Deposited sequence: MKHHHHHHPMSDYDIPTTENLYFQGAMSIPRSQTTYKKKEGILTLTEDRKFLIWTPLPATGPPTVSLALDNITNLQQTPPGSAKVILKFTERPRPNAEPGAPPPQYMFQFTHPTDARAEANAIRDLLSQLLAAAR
């Protein structure tokens, strides 16, 4: 039917490295930007990517040496790689933020 729904669960926050620095990958509260902020995550984000401007999302396949999500932005287009570093939960974290993003992007 005609009902439209939006996500209403807590926005995932993920232990990730960007350009070899440790930080947190999340979305803004309005769910319009992907943000990455270096630890201690006191200050502003160093990466802020509008979901409107993401043209692709790729991942390392499960069982790869590294768990990595790769974002391509609208313009050799700009690209961003985030390595998921949680000792046990890396792939689950990647999957979660992937799943949210792909739901947002396909809407």
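Gaps in the coordinates relative to the deposited sequence fall at 1 to 18, 94 to 101, 134 to 135.
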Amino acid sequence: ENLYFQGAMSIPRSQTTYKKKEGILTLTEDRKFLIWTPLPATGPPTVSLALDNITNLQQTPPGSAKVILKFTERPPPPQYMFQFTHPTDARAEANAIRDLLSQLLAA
From here on, numbers count along this sequence of modelled residues.
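If you superpose the two forms and keep the largest set of C-alpha atoms that fall within 1.5 Å, you have the rigid core.
Fitting each structure in 5 other deposited structures of this protein onto the rigid core and averaging C-alpha distances over structures and residues, 10 to 18 emerges as the more displaced of 83 to 91 and 10 to 18. For the two regions 78 to 86 and 41 to 49, the entry's Cα B-factors average higher over 41 to 49. Of the candidates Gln58, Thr55, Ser64, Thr26, the PDB record gives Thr55 the highest C-alpha temperature factor. In the deposited entry, the Cα temperature factor of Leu3 places it in the highest third of its chain's modelled residues.
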